[PDB]
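We begin with a single chain expressed as structure tokens, specifically the form deposited in one PDB entry.
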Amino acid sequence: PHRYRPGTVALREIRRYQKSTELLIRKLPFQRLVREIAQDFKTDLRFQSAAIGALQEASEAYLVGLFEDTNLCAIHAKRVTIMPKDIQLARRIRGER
């Protein structure tokens, strides 16, 4: 049969998703998530379709940017695997925590 070694498909996915621009989180779960969070401030608010779109564009752009800095922290520790400690370091430098 055929079997790709660990890292080959991973490197392939990186090239594929860095080349494209589409949203990577499914819309309905994100929309549902936004509404739950919002209702803890104000129950049953109306949301424009573009409003959720803006929130998702920002959310993904934020996380992608965080994963970049997270990756840098992993590499700095001579690792290839990102860990919670990498995220925690990146967010600390940013002033997020």
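In this text, rigid core is short for the largest set of C-alphas that superpose within 1.5 Å between two forms. A residue's number is simply how far along the shown sequence it sits, counting from 1.
Stretches 28-36 and 55-63 differ in mean C-alpha B factor, with the higher average recorded for 28-36.
Higher mean CA temperature factor between 10-18 and 82-90: 10-18, per the PDB entry.
Per the deposited record, the Cα B-factor of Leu72 falls in the lowest third when ranked against the other modelled residues of its chain.
Not pictured, yet referred to below: the form deposited in another entry.
In a core superposition between the shown form and the other one, the Cα of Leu45 is the only one among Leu33, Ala61, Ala54, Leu45 shifting by 2 Å or more. Core-superposed comparison between the shown form and the other one: the C-alpha position of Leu23 differs by less than 2 Å.
In the other entry, the Cα positions of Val64 and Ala77 lie at least 3 Å farther from each other than in the form displayed. Relative to this form, the distance between the C-alpha atoms of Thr21 and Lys27 is reduced by at least 3 angstroms in the other entry.
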